[PDB]
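Inspection log for the structure reproduced underneath, given as structure tokens.
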Amino acid sequence: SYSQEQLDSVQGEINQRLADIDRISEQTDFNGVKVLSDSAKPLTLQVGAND
Amino acid sequence: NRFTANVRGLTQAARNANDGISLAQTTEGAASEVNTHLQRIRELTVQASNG
């Protein structure tokens, strides 16, 4: 029932949401580590002596 | 005379052994300080081993 203009507005909102998702990915930082990003290798978390 | 010579020798030997005790004490103190260092290096190595 929605015409093309309302679909375009919906798509604009969806694009805004996707841009926010990408922003969260690129900018979620923790001690200089973009943890939830496109460059995030798994960590180690040394827990205990005797490596 | 033999007894006197032996007695003076033994007393001087006791003094020498006291000097040896003191030398061992100085070495022991220095080694204890090196140990206190090594604990800190080990703790910091455990810390920095975290990724």
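Protein chains in written order, with UniProt numbering: chain Z, 103 to 153; chain D, 52 to 102. For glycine and all other residues, C-beta sits at the position ideal for the given N, C-alpha and C.
Any chain Z beta carbon closer than 7 Å to residue i
i: residue 83/D; result: no
i: residue 71/D; result: no
i: residue 86/D; result: no
i: residue 57/D; result: no
i: residue 102/D; result: yes
is_contact[residue i, chain D] using C-beta, thresh 7 Å
i: residue 109/Z; result: no
i: residue 146/Z; result: yes
Cβ-Cβ distance between residue i and residue j below 7 Å
i: residue 138/Z; j: residue 130/Z; result: yes
Where the alpha helix (DSSP H) through residue i begins and ends
i: residue 129/Z; result: 106-129
i: residue 70/D; result: 53-99
Quiz item: With contact counted as at least three CB pairs below 8 Å, one residue from each stretch, are the segment 141-153 of chain Z and the segment 92-101 of chain D in contact?
Solution: yes
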